[PDB]
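Enquirer: Before I ask anything, let me first share the structure, which is written out below as structure tokens.
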Amino acid sequence: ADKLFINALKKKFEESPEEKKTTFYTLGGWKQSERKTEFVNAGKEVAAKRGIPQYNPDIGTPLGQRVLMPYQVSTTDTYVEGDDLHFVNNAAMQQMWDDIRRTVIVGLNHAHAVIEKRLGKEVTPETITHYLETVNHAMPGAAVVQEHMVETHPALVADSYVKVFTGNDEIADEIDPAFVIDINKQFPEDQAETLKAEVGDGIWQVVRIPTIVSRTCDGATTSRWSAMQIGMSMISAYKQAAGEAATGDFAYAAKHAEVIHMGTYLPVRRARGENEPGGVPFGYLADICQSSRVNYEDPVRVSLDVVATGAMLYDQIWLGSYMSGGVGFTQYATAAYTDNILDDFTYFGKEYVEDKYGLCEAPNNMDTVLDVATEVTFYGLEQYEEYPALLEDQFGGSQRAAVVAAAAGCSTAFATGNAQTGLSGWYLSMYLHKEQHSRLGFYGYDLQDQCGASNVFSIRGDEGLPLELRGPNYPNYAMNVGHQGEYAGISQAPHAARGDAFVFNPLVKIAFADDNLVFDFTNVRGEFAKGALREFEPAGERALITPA
Amino acid sequence: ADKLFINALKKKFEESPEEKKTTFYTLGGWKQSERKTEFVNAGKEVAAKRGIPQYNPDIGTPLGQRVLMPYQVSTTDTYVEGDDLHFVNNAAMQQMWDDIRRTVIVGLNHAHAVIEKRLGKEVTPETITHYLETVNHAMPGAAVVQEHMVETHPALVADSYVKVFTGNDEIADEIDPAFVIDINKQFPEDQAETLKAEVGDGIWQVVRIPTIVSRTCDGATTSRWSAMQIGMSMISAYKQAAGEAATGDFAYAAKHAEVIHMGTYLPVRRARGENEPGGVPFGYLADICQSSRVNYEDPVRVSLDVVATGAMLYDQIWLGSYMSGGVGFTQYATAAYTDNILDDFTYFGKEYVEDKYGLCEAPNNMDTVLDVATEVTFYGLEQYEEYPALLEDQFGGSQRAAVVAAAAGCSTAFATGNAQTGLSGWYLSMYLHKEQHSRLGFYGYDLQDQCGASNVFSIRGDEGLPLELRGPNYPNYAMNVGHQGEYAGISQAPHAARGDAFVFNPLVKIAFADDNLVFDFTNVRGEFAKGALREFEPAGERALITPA
Amino acid sequence: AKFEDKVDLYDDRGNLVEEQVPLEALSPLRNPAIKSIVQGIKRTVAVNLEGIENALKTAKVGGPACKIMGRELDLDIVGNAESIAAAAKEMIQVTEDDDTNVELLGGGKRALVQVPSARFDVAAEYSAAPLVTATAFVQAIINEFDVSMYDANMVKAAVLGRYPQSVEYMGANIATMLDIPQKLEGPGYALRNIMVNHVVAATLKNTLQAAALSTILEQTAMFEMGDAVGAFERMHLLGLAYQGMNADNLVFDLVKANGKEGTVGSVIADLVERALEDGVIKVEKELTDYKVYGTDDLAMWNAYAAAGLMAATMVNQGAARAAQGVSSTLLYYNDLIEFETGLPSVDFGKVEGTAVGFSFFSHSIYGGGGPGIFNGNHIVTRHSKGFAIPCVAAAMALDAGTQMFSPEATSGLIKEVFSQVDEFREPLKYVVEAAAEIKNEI
Amino acid sequence: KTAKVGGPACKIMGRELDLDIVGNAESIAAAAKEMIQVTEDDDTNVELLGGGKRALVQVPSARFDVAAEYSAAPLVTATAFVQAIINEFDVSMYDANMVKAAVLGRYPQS
Amino acid sequence: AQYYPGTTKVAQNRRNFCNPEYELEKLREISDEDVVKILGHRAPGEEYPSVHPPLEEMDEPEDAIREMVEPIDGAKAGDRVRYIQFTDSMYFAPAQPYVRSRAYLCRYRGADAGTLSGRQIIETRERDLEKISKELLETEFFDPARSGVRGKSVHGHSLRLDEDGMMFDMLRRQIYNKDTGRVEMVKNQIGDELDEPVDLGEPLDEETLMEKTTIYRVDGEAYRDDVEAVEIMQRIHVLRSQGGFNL
Ligand code: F43
Ligand SMILES: C[C@@H](OP(=O)(O)O)[C@H](NC(=O)CCCCCCS)C(=O)O
Ligand SMILES: O=S(=O)(O)CCS
Ligand SMILES: O=S(=O)(O)CCS
Ligand SMILES: [Cl-]
Ligand SMILES: [Mg+2]
Ligand SMILES: [Mg+2]
Ligand SMILES: [Mg+2]
Ligand SMILES: [Mg+2]
Ligand SMILES: [Mg+2]
Ligand SMILES: [Mg+2]
Ligand SMILES: [Mg+2]
Ligand SMILES: [Mg+2]
Ligand SMILES: [Mg+2]
Ligand SMILES: [Mg+2]
Ligand code: NA
Ligand code: NA
Ligand code: NA
Ligand code: NA
Ligand code: NA
Ligand code: NA
Ligand code: NA
Ligand code: NA
Ligand SMILES: [Zn+2]
């Protein structure tokens with residue numbers, strides 16, 4: 001019966017959602033808002049304390065001439081003002097990025113070949129366990145060899161550790177289970193079989209360095225820090241000279257030959273090292289989100305949890321701070337994970353495709369693209385027309401464009417089972433939208449969308465790439481809000497419809513299926529809600545080393 | 001009478017510092033140490049809490065077969081175990097780096113010309129004040145133009161703000177003093193005269209973005225963030241269209257044409273963007289340190305405050321974490337700022353120079369290098385021979401090499417008034433040391449010191465550069481501990497002996513002469529001690545938005 | 001003899017210079033004048049001897065507001081420019097009769113330097129130009145004044161800046177039109193990382209020459225990037241011919257017909273009529289009171305449209321004498337022509353896409369700047385593969401002083417030196433003459 | 001054939017393409033050479049090795065004479081082999097981007 | 001020229017706004033001084049500020065493009081480049097953001113038009129901006145209820161109307177008077193008070209807004225029901241898609 005966003009529209013406004021008229025200007029400006037009142041008072045206190053004026057509601061124009069709305073975090077029953085979803089004021093969002101930034105995946109396959117072939121020593125489940133106890137002491141910042149070493153406070157670095165996984169069940173069973181990410185436990189049976197077949201007898205470390213270090217330093221710290229403590233623990237556990245020629249082989253293995261960064265480094269204009277948001281390809285972002293392993297009977301839910309993961313990380317943190325800053329881009333991103341709006345549109349589209357083709361059963365061609373993306377684009381735009389409250393809620397055209405096209409692109413991918421035709425439906429949706437309302441997004445919003453159609457299927461040097469391999473450094477995508485998180489969603493879409501265990505890297509998928517993470521990647525929107533309510537407890541704080 | 005390090009050695013050991021024998025092995029291992037006991041207890045709790053083994057004193061070799069020493073922070077009466085000087089355990093150290101990373105210098109000179117020449121509008125002291133009230137609301141992350149903006153919590157971003165400075169006293173007088181770094185107040189008269197003459201009628205912003213953002217993101221966020229809120233505040237204060245063609249001129253000025261980064265970006269192997277430790281040139285690091293404006297009658301104190309600033313930042317955070325990680329490099333750095341050891345060696349050197357030549361009155365040539373560097377190197381090394389406690393204190397050859405060469409290098413520059421001959425002194429010290437004791441530093445310590453003599457005076461493409469312009473990305477210096485911070489001190493040394501207000505950039509000097517910074521750059525080693533005692537309160541914590 | 005197409009080639013006053021020229025005689029791969037311009041840009045350096053001297057005297061070396069007190073060196077460099085430059089040339093040249101060129105300008109304040117081609121022939125890329133030039137001048141200055149070993153590093157800092165600490169030559173007193181290889185957005189991009197203002201500076205604001213120089217560099221980069229290989233090659237050559245070389249006088253004639261009173265939309269109408277008149281497009285289907293046009297030759301439609309796009313810029317921004325609206329023209333020329341015709345816009349939407357982002361990043365807080373700071377390597381304007389940036393150069397050529405960051409502000413040293421080179425200043429002439437010359441070799 | 005493209009351990013399930021590239025290496029190498037070359041009988045070299053499993057490619061010197069640097073070699077070679085493989089098997093527009101990823105990897109994201 | 005496919009009134013309206021031979025209906029009379037007051041760049045009777053010297057006083061380069069392209073008068077004078085910016089309600093305002101930019105570059109010389117969802121802007125030389133702006137304000141480009149002249153704080157395109165049928169305006173630059181049924185401009189486009197308000201006439205009634213609007217909407221004419229217009233859009237998609245792959 002009701003559209004999924006109706007309750008949220010009813011919560012925000014007194015009018016029924018179809019009503020075209022309302023009342024403005026008599027709401028008290030910022031005084032209507034509990035959060036803006038908190039901010040005004042905090043601003044007064046901050047300026048008084050430091051002797052420099054700071055937040056002041058009377059600077060510039062007077063917010064709250066219209067309703068400052070609560071937002072529902074989609075899939076939850078939690079309603080919060082939009083300030084509570086700003087990444088600065090949301091510890092869950094900061095920790096989500098910290099858990100990604102401080103993670104690297106490091107093979108033990110070359111390392112064990114060095115031990116055996118160059119040192120002439122044995123590797124068994126038991127030596128691996130000893131090595132893992134050793135590296136779990138050393139990784140957070142503690143010593144195993146030299147005298148008079150000074151060390152990190154273990155409670156400040158409690159979130160740093162090393163685990164392993166392997167597709168060989170019998171070997172996984174012989175390594176102490178405190179250190180093992182158990183694939184058969186974390187994944188449903190068919191996904192577990194796929195993942196184990198991909199990994200085979202390979203043995204991989206998941207290394208997480210301390211949040212406090214990641215925050216002091218940068219993402220490119222992670223594989224270095226990892227490799228230092230792998231190297232120390234290799235010396236300690238396998239009885240090397242502490243610094244011999246073979247030591248360099250472990251270094252080169254851990255730093256280069258069997259390291260998988262979450263993000264690749266970026267070109268000079270947006271210069272960053274590894275493990276920054278811009279380097280994370282959309283396929284990896286889909287694989288980091290763990291919705292796939294828990295919500296596998298619902299391809300929409302998996303696809304939209306991926307959208308939430310990427311809209312927050314790519315728009316709020318990456319584009320809205322790393323690449324710009326200030327107030328930034330909270331609601332550019334919240335549009336794709338609040339009020340159940342994208343959900344309404346994507347369930348519409350999933351149902352349409354299911355009834356007409358069968359998920360994954362449509363011809364993979366432009367006929368399907370034209371069909372599905374047009375249908376779903378018209379559906380979503382009709383909602384804004386039929387419900388004025390909805391249009392006032394998603395008030396910026398860019399927000400609407402990203403939401404409507406995400407639904408169209410995901411639905412087209414549900415039909416074809418291929419991300420690349422999904423991506424073509426995303427672009428078609430923008431062109432139809434633009435003609436329908438004679439407007440689309442902000443001044444620079446459709447740079448990538450006017451290039452889009454032509455670059456979907458291009459094979460040229462800096463143009464052609466399966467969507468799963470694109471990311472925030474794909475040239476057309478390098479600058480603008482309202483796209484990158486949705487593209488992660490469209491990369492997830494066909495794989496979620498197909499029942500695939502992963503979108504682009506099986507090791508990345510397994511690496512975040514770990515209950516010792518701080519942030520809960522199986523329920524990203526739930527976590528955002530918990531952080532908005534100030535109920536999320538991040539790692540990395542300095543309370544233990546500062547005054548009470 | 002006593003050498004300056006005698007108090008520190010007496011506190012460390014039961015023996016007089018001259019004694020050659022002691023007792024080992026029966027001290028209780030880790031149990032002799034309060035801090036290691038704290039760590040064992042924390043490791044058991046952490047491991048139990050998370051279900052993964054972590055810190056464990058029985059892994060690897062048994063720490064504390066010898067005395068686990070206290071260190072005196074030089075110039076203080078604070079004695080702490082070395083763990084308390086690890087940057088992970090010291091919030092003062094982390095905040096020093098945050099205060100640099102989150103700072104950019106941004107002119108208003110082009111911006112004011114865009115206003116007057118393209119827009120045809122007036123700029124006055126009054127319009128500048130209004131602009132600065134506006135940007136002090138906007139910079140921490142609050143809105144001035146759009147309706148329905150969501151904002152950062154003012155308390156979370158209390159340390160972000162914008163101040164100005166200018167060499168024109170009358171104009172500086174007309175701007176609200178809350179926004180003004182007052183050069184006449186912060187600097188002694190002669191230094192004030194120089195700095196004002198360098199700035200002239202230029203008006204420069206010092207922009208600090210929030211510590212919380214800087215920790216979530218990276219140093220390359222700082223000038224972007226800065227530029228966005230400048231851009232907004234220029235729109236609001238000067239009544240532009242909110243997004244016209246002229247708006248792009250303000251963007252380009254703030255991000256490129258009149259921006260002074262603390263650090264420049266780094267090449268791919270150590271890929272980082274702006275405002276990371278490896279991009280900060282030695283001369284800027286000296287100028288960030290504010291010892292020059294308070295300790296101007298004491299060229300040694302000035303130079304060694306700089307050494308402390310640089311040793312911690314470049315060796316502990318930069319090379320010990322961004323470029324490596326783990327336990328890292330605390331005592332490589334503490335050797336240069338504890339136990340009054342560098343102080344004794346450099347005061348000796350200053351006194352030699354003063355007596356023999358007069359500060360800055362030696363010939364700027366190799367004869368002076370050979371004299372002073374040799375004399376000071378022998379003094380330093382004889383202290384280690386005469387005081388077995390001293391040698392066991394600075395147990396690592398690298399540590400001693402850095403300290404003795406730093407004294408030699410600074411003393412050479414005190415005689416010559418020139419940093420480049422200072423540097424030649426540093427390298428000569430290394431070679432004398434190497435032959436005297438038939439050892440020098442760690443395995444790879446003197447890569448730069450064997451290239452060093454030949455590269456001091458080279459003029460070739462990637463070899464030639466005045467020392468003030470070199471930094472951590474100078475090719476020979478790019479990898480190794482126990483040099484970068486001391487080079488920063490040798491860059492400071494001749495300028496301090498000359499009475500120069502700044503070493504390399506007078507904007508950088510003035511920009512940290514600000515009492516609204518969190519870290520006290522006038523008393524770096526005092527601050528390190530405060531942080532070691534767990535008495536320093538950093539910015540950027542998230543306690544307001546987490547559970548009790 | 002790969003492509004049958006021939007074009008008529010015109011000068012920048014609209015006079016037929018050579019009829020019936022094989023398309024591939026304009027190819028960067030075949031045309032000797034394009035080869036000479038590219039090898040030229042690789043090897044040419046401007047030396048600011050006055051700036052070197054002033055940086056030394058004040059000890060202001062190593063970037064903005066930087067100074068080292070007590071390092072000042074007072075050297076009469078400009079007063080001894082002739083000896084310094086001759087001493088530098090001796091180092092730079094490989095042999096006495098090679099194509100090394102060192103010329104003083106501004107009474108010795110500046111030097112044009114062209115490093116010998118022989119150095120590039122055994123070089124991976126183009127950085128030998130600045131690095132060979134810089135060390136030759138540093139060593140020539142030191143030798144001229146017998147600068148001590150102790151002080152010589154200040155000469156190095158005055159010439160090349162904070163490099164190798166900075167990745168760039170930060171604070172350097174030399175300039176090239178190219179930027180360092182590390183700054184490329186992608187491999188194959190180096191000829192795209194030439195600021196529009198530098199192109200406009202070097203062509204002295206002559207609009208058609210600025211368009212020509214920009215298109216030659218943009219489309220030459222498309223070959224280096226691989227974009228003009230195989231299926232796409234003819235499209236890129238037609239783009240260079242019609243958009244950057246005024247082939248068939250199409251650009252020139254559209255401007256003539258629309259310069260007095262014309263708008264973007266009037267140029268569009270003439271271009272479509274002209275494509276219809278020439279058989280490039282034909283009506284494919286009639287809807288209701290609406291003709292849907294098709295084409296049997298997409299690359300030729302594209303080329304005609306790209307010619308109209310350049311003409312629309314010249315009309316629109318020419319009429320304002322103000323370059324900023326080139327971002328608007330680049331967008332709505334293409335948006336309008338698609339709804340006018342039913343055919344894809346220039347570069348199949350990519351010029352329109354570039355224009356969207358370029359409009360934004362020249363009228364917003366977030367970055368970019370005026371039209372003159374962009375270039376084909378800029379993240380904002382790299383997307384179209386040669387069909388957008390040449391319009392930006394034409395627009396800045398036509399600007400009469402509305403820009404704060406004008407070629408005068410950003411490119412003054414490039415203007416003084418690089419405009420001296422005839423093939424850079426007047427490339428359309430040289431490229432046409434060379435294509436004429438090789439006409440029967442295709 | 002495995003859809004393993006874009007980097008270590010990377011794979012896109014459902015994108016597999018079963019093409020006999022090595023079996024048709026001579027046609028593919030001849031078609032790639034025609035795109036790499038500037039003129040017939042210039043100094044382009046394309047030579048199959050290891051029974052068609054490998055190819056030695058030397059991009060004509062005329063392409064470097066009008067290039068700033070040296071990346072035309074991999075870029076021209078990659079696009080010529082991508083187009084030649086596409087043309088050999090008539091790979092559809094929908095699937096050709098996988099040939100591009102198999103040849104040149106994750107570029108331009110990386 | 002045919003400008004835009006489609007068989008709806010919306011599509012015809014889009015064509016008319018682009019066609020410089022279509023005479024825009026004039027709906028209100030605005031004085032020269034009031035246009036200048038509304039723009040807010042200079043006060044009435046203040047000399048036009050210059051950004052460069054007159055073109056006649058400068059030595060332009062010899063350039064056939066400059067010879068063939070007649071400069072607008074404000075370019076001849078060296079005027080500043082200044083702007084006027086409008087927000088159009090999605091509740092049937094006559095003009096809409098892409099329609100404006102498209103029409104502006106068909107009708108007007110020397111124009112820098114920008115299109116955004118909540119704001120559409122034109123920048124050009126000041127004396128020429130003043131003339132264009134008279135047309136933009138006096139004709140059916142503008143409705144004083146469903147359209148607003150706004151250089152900042154543009155919010156309201158997507159907002160519900162107030163009880164008077166007026167579009168939201170954070171700064172309330174346009175006030176409906178219930179006594180006359182007319183709208184007055186009480187502030188300039190940047191939000192500063194005018195000494196004397198400007199009459200902008202009566203809002204268009206519902207029937208007339210429907211006849212004149214260029215947005216498609218389910219309660220108007222829906223874009224999906226303009227099947228020929230949906231054409232050319234799907235056509236362009238397909239041909240662009242095919243083009244970027246091969247030719
Ligand atoms: C000054 C600019 C131009 C520019 O370069 N950036 C601005 C302003 C900037 C500021 C506004 C903060 C402030 O008020 O002080 C920030 C928050 C970026 C920052 N510095 O932190 C922003 N825009 Ni904008 N900006 C947005 C949007 C938009 C929409 C607003 C349309 C509507 O009718 O209200 C339009 C573009 C459009 O028309 O498509 C808009 C324009 C503008 N954008 C116009 C000012 C418009 C006006 O005067 O009110 N943003 C949106 O569409 C949604 C999200 C939203 C961003 C904040 C967040 O995501 O929460 C904000 C993102
Ligand atoms: C244009 C470019 O900036 P510059 O042009 O180099 O000043 C680029 N900005 C960005 O892409 C900002 C991204 C997010 C802000 C706009 C979001 S839609 C950057 O800083 O590297
Ligand atoms: O107004 S703009 O499109 O430039 C920016 C939208 S945040
Ligand atoms: O022993 S090595 O010199 O390799 C490292 C010392 S930290
Ligand atoms: Cl063709
Ligand atoms: Mg067993
Ligand atoms: Mg005793
Ligand atoms: Mg004794
Ligand atoms: Mg004894
Ligand atoms: Mg003034
Ligand atoms: Mg006050
Ligand atoms: Mg003279
Ligand atoms: Mg000499
Ligand atoms: Mg005509
Ligand atoms: Mg009248
Ligand atoms: Na309600
Ligand atoms: Na306000
Ligand atoms: Na940059
Ligand atoms: Na004692
Ligand atoms: Na131990
Ligand atoms: Na590296
Ligand atoms: Na708390
Ligand atoms: Na050959
Ligand atoms: Zn950080």
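Convention: chains lettered A, B, ... in structure tokens order; per-chain residue numbering from 1; ligands numbered from 1 as shown.
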When you look at residue 49 (chain B) with a cut-off of 12 Å (counting only C-alpha atoms), what residues show up, excluding the ones that are within fewer than 6 positions of it in the same chain? I need them as a list in words.
Expert: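 My reading of the contact set: residues 155, 158, 159 and 516 of chain A; 42 and 43 of chain B.
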Enquirer: Would you output that residue set with C-alpha atoms, as a compact mmCIF listing (two decimals), in the first residue's frame?
Expert:
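Listed below is the output, part-v1.txt:
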```txt
# COMPACT_ATOMS: atom_id res chain seq x y z
CA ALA A 155 44.79 0.73 25.32
CA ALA A 158 43.42 -1.58 21.07
CA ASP A 159 41.77 -1.51 17.66
CA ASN A 516 36.63 -6.99 15.35
CA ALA B 42 46.37 -2.84 29.57
CA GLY B 43 47.38 -5.58 27.15
```
Enquirer: Select residues of chain D: the criterion is any atom within 12 Å of an atom of chain A, counting only C-alpha atoms; output as a PDB file with C-alpha atoms, in the first residue's frame.
Expert:
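Writing the result to iface_3.pdb gives the following:
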```pdb
ATOM      1  CA  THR D   2      38.117 -15.598 -16.346  1.00  0.00           C
ATOM      2  CA  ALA D   3      37.070 -11.943 -16.125  1.00  0.00           C
ATOM      3  CA  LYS D   4      40.120 -11.420 -13.912  1.00  0.00           C
ATOM      4  CA  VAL D   5      41.056  -7.823 -14.759  1.00  0.00           C
ATOM      5  CA  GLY D   6      42.021  -4.628 -12.980  1.00  0.00           C
ATOM      6  CA  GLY D   7      44.645  -5.847 -10.526  1.00  0.00           C
ATOM      7  CA  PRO D   8      45.645  -8.612  -8.112  1.00  0.00           C
ATOM      8  CA  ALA D   9      42.836 -10.935  -7.080  1.00  0.00           C
ATOM      9  CA  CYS D  10      40.361  -8.784  -9.042  1.00  0.00           C
ATOM     10  CA  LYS D  11      37.535 -10.460 -10.916  1.00  0.00           C
ATOM     11  CA  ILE D  12      34.126  -9.435 -12.283  1.00  0.00           C
ATOM     12  CA  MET D  13      31.731 -12.338 -12.104  1.00  0.00           C
ATOM     13  CA  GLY D  14      29.454 -12.590 -15.138  1.00  0.00           C
ATOM     14  CA  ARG D  15      31.774 -10.640 -17.489  1.00  0.00           C
ATOM     15  CA  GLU D  16      33.759 -13.652 -18.802  1.00  0.00           C
ATOM     16  CA  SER D  71      53.869   6.769 -23.481  1.00  0.00           C
ATOM     17  CA  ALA D  72      52.637   6.533 -27.081  1.00  0.00           C
ATOM     18  CA  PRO D  74      52.072   1.389 -24.526  1.00  0.00           C
ATOM     19  CA  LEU D  75      49.046   3.575 -25.411  1.00  0.00           C
ATOM     20  CA  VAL D  76      49.164   3.055 -29.169  1.00  0.00           C
ATOM     21  CA  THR D  77      50.033  -0.617 -28.741  1.00  0.00           C
ATOM     22  CA  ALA D  78      47.231  -1.167 -26.207  1.00  0.00           C
ATOM     23  CA  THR D  79      44.521   0.515 -28.270  1.00  0.00           C
ATOM     24  CA  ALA D  80      45.605  -1.222 -31.471  1.00  0.00           C
ATOM     25  CA  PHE D  81      45.408  -4.632 -29.781  1.00  0.00           C
ATOM     26  CA  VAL D  82      42.085  -3.790 -28.097  1.00  0.00           C
ATOM     27  CA  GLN D  83      40.568  -2.731 -31.414  1.00  0.00           C
ATOM     28  CA  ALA D  84      42.131  -5.692 -33.237  1.00  0.00           C
ATOM     29  CA  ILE D  85      40.743  -8.196 -30.726  1.00  0.00           C
ATOM     30  CA  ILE D  86      37.325  -6.504 -30.871  1.00  0.00           C
ATOM     31  CA  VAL D  91      32.979  -8.221 -29.735  1.00  0.00           C
ATOM     32  CA  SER D  92      29.835  -6.203 -29.005  1.00  0.00           C
ATOM     33  CA  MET D  93      29.771  -2.608 -27.802  1.00  0.00           C
ATOM     34  CA  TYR D  94      28.431  -3.898 -24.491  1.00  0.00           C
ATOM     35  CA  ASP D  95      31.382  -6.230 -23.861  1.00  0.00           C
ATOM     36  CA  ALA D  96      34.335  -4.465 -25.510  1.00  0.00           C
ATOM     37  CA  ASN D  97      35.242  -2.612 -22.322  1.00  0.00           C
ATOM     38  CA  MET D  98      36.344  -5.981 -20.862  1.00  0.00           C
ATOM     39  CA  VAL D  99      38.929  -6.280 -23.687  1.00  0.00           C
ATOM     40  CA  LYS D 100      40.166  -2.832 -22.724  1.00  0.00           C
ATOM     41  CA  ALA D 101      40.473  -3.871 -19.048  1.00  0.00           C
ATOM     42  CA  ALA D 102      42.284  -7.145 -19.978  1.00  0.00           C
ATOM     43  CA  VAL D 103      44.908  -5.242 -22.004  1.00  0.00           C
ATOM     44  CA  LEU D 104      45.640  -2.073 -20.006  1.00  0.00           C
ATOM     45  CA  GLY D 105      44.231  -2.824 -16.544  1.00  0.00           C
ATOM     46  CA  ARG D 106      42.571  -0.393 -14.145  1.00  0.00           C
ATOM     47  CA  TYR D 107      43.849   2.676 -15.963  1.00  0.00           C
ATOM     48  CA  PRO D 108      42.605   5.561 -15.775  1.00  0.00           C
ATOM     49  CA  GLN D 109      41.222   4.940 -12.252  1.00  0.00           C
ATOM     50  CA  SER D 110      44.702   3.848 -11.254  1.00  0.00           C
TER      51      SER D 110
END
```
Enquirer: Using only C-alpha atoms and all ligand atoms, which protein or nucleic acid residues are at most 10 Å from ligand 9, as a VMD selection string?
Expert: chain B and resid 14 to 16 19 to 23
Enquirer: Neighbours of region 322-339 of chain C within 6 Å (only C-alpha atoms; same-chain residues fewer than 6 positions away dropped), as a PDB file with C-alpha atoms, in the first residue's frame?
Expert:
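What landed in out-v5.pdb:
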```pdb
ATOM      1  CA  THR C 313      32.786  31.203 -29.625  1.00  0.00           C
ATOM      2  CA  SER C 345      26.969  17.253 -30.530  1.00  0.00           C
ATOM      3  CA  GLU C 352      29.163  19.785 -23.651  1.00  0.00           C
ATOM      4  CA  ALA C 355      31.713  22.951 -20.699  1.00  0.00           C
ATOM      5  CA  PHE C 358      34.322  24.335 -16.955  1.00  0.00           C
ATOM      6  CA  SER C 359      31.388  26.709 -16.499  1.00  0.00           C
ATOM      7  CA  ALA C 395      38.014  33.446 -26.416  1.00  0.00           C
ATOM      8  CA  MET C 396      40.981  34.661 -24.393  1.00  0.00           C
ATOM      9  CA  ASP C 399      39.214  39.333 -24.409  1.00  0.00           C
ATOM     10  CA  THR C 402      37.998  41.613 -18.379  1.00  0.00           C
TER      11      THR C 402
ATOM     12  CA  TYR E   3      14.798  24.481 -31.977  1.00  0.00           C
ATOM     13  CA  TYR E   4      12.996  21.670 -30.085  1.00  0.00           C
ATOM     14  CA  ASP E 112      27.579  34.116 -20.631  1.00  0.00           C
ATOM     15  CA  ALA E 113      24.531  32.102 -19.513  1.00  0.00           C
TER      16      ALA E 113
END
```
Enquirer: Return as a list in words every polymer residue, whether protein, DNA or RNA, with at least one atom no more than 7 Å from an atom of ligand 15; count only C-alpha atoms and all ligand atoms.
Expert: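 Checking only C-alpha atoms and all ligand atoms against ligand 15 at 7 Å gives residues 29, 30, 31 and 32 of chain E.
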Enquirer: Show me which bits of chain C are within 8 Å of chain E, counting only C-alpha atoms, as number ranges by chain.
Expert: C: 12-13, 204-208, 231-232, 252, 255-256, 258-266, 269, 287-288, 290, 297-299, 314-322, 324-329, 332, 335-336, 338-340, 342-344, 348-349, 359, 398, 400-402
Enquirer: Residues near residue 49 (chain C), anyone? I mean within 9 Å using only C-alpha atoms, not counting same-chain ones fewer than 5 positions away, as a list in words.
Expert: residues 54, 77, 78, 81, 108, 109, 110, 111, 159, 173 and 174 of chain C
Enquirer: Write out as a ChimeraX atom specification the residues lying within 9 Å of residue 410 (chain C), counting only C-alpha atoms and excluding same-chain residues fewer than 2 positions away.
Expert: /C:197-198,372-373,405-408,412-414
Enquirer: Could you make a table, as CSV, of the residues of chain E that have an atom within 6 Å of an atom of chain B, each with its nearest atom pair and distance in Å to one decimal, counting only C-alpha atoms, in chain and number order?
Expert:
```
residue,atom,partner,partner_atom,distance
E:151,CA,B:241,CA,4.8
E:152,CA,B:242,CA,5.0
E:153,CA,B:146,CA,5.1
```
